[PDB]
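Residue numbers (PDB author numbering), protein chains in the order written: chain C, 554 to 603; chain E, 586 to 633; chain D, 213 to 318; chain A, 168 to 223. Every residue, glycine too, gets a C-beta built ideally from N, C-alpha and C. Taking it in order: structure first as structure tokens, then the write-up.
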Amino acid sequence: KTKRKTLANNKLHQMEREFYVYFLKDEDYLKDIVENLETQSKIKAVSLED
Amino acid sequence: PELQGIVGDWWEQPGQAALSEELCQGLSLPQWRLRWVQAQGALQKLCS
Amino acid sequence: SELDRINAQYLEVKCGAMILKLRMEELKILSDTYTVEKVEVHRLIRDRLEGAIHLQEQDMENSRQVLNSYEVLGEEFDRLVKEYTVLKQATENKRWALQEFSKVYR
Amino acid sequence: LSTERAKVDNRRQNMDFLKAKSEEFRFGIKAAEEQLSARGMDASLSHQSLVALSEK
Numbered sequence: 554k555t556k557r558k559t560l561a562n563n564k565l566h567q568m569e570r571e572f573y574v575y576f577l578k579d580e581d582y583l584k585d586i587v588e589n590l591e592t593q594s595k596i597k598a599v600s601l602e603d
Numbered sequence: 586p587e588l589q590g591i592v593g594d595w596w597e598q599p600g601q602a603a604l605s606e607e608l609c610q611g612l613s614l615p616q617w618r619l620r621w622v623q624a625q626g627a628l629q630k631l632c633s
Numbered sequence: 213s214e215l216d217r218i219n220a221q222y223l224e225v226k227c228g229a230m231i232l233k234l235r236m237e238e239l240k241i242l243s244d245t246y247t248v249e250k251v252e253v254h255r256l257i258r259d260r261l262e263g264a265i266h267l268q269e270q271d272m273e274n275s276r277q278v279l280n281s282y283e284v285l286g287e288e289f290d291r292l293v294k295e296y297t298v299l300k301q302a303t304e305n306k307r308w309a310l311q312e313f314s315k316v317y318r
Numbered sequence: 168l169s170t171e172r173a174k175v176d177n178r179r180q181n182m183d184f185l186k187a188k189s190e191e192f193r194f195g196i197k198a199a200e201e202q203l204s205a206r207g208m209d210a211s212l213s214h215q216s217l218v219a220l221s222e223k
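Spelled out as structure tokens, the structure:
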């Protein structure tokens, strides 16, 4: 009951649940998601830098 | 103790420790996780 | 006697309850461990490991077949193998020294 | 006798609740069993088989 609650509360662990899922089913999907999040971080960095 | 092992398995190792760099040569899953940690830490620093 | 009979019947009824609760915990953790995506992903892992390893012991089988084909020739060719290994080890010892001296001269 | 009769009467009251909870938990067991059988669980999808294959 502690570990289920911490899994429900933490989205990082719930995305670790799908890291290898998207890495070993269709690696292009995981690559696109990682690149999209990296470009989102870069866009946010540019926006807060201005 | 078998149920304790089953409890441990889901919590930290759902097929994660079954991968290497030779299988799926492009980049291995720990490297993907490290890149995700770096990018998500950058995003969390920018959001805060 | 009736008191002890009811006591043991209560124990018999109650032990199965926690046994089945143990079964529920094991089955529910097994259900939550692998979702719909994870089962197909692990099946693809089985396919990928099979496809890699069927190449791997094929490569080792080919290597062992090559070694056996060399061993068919006889002990004289084994002596030739040892002799050419010694000659090529000395040859690479001279070659590496020559290359190192050429690199030092540059 | 009075003390043991009180104990076995509490246990005989607990008989029905234990049996009803046993039926509910058996239905939960069957629900978890069909949840497992829908995805097709076996030893191949487990951590141990994949780790053993990666190690060999």
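Neighbours of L217 (chain A) in chain E, taken as residues at a C-beta separation under 7 angstroms, are given in chain order as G600 and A603.
By the C-beta criterion, the stretch 617-629 of chain E is judged not to be in contact with the stretch 280-289 of chain D, since fewer than 3 inter-stretch pairs fall below 8 angstroms. Any Cβ of chain D closer than 7 angstroms to the Cβ of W621 (chain E) would place that residue at the interface, and such an atom is absent. With respect to chain E, the C-beta atom of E252 (chain D) has no partner C-beta closer than 7 angstroms.
By the neighbour-count criterion, in which a residue is buried when 16 or more other Cβ atoms sit within 10 angstroms of its Cβ, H254 (chain D) is buried.
When secondary structure is reduced to three states using DSSP, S633 (chain E) falls in the coil class, being assigned neither helix nor strand. Around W595 (chain E), the beta-carbon contacts reaching into chain D at under 8 angstroms are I241, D244 and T245. In this structure, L234 (chain D) sits away from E171 (chain A), with a CB-CB distance that is not shorter than 7 angstroms.
Counting along the chain, the unbroken alpha helix (DSSP H) around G228 (chain D) starts and ends at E214 to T245. For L608 (chain E), not one C-beta of chain C is nearer than 7 angstroms to its own C-beta. Residues of chain A with a Cβ closer than 8 angstroms to the Cβ of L267 (chain D) do not exist, since the nearest Cβ in that chain sits about 14 angstroms away. Per DSSP, the unbroken alpha helix (DSSP H) holding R172 (chain A) starts and ends at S169 to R206. Counting C-beta atoms within 10 angstroms of its own C-beta, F289 (chain D) has fewer than 16 neighbours from the protein chains shown and is therefore classed as exposed.
Per DSSP, the unbroken alpha helix (DSSP H) holding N562 (chain C) starts and ends at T555 to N562. Only exposed fits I596 (chain C), as fewer than 16 other CB atoms lie within 10 angstroms of its CB. In this structure, DSSP gives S600 (chain C) a helical state, which the three-state scheme calls helix. Judged by pairs of C-beta atoms under 8 angstroms, the stretch 290-303 of chain D does not touch the stretch 599-609 of chain E, as fewer than three such pairs exist.
By the Cβ-count criterion, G590 (chain E) is exposed, with fewer than 16 other Cβ atoms from all chains shown falling within 10 Å of its own Cβ. Pairing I257 (chain D) with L601 (chain C) gives a Cβ-Cβ distance that is not under 7 angstroms.
With a cut-off of 8 angstroms on Cβ pairs, the stretch 594-602 of chain E is not in contact with the stretch 220-237 of chain D, counting fewer than three such pairs. For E238 (chain D), the nearest beta carbon of chain E is closer than 7 angstroms to its own beta carbon.
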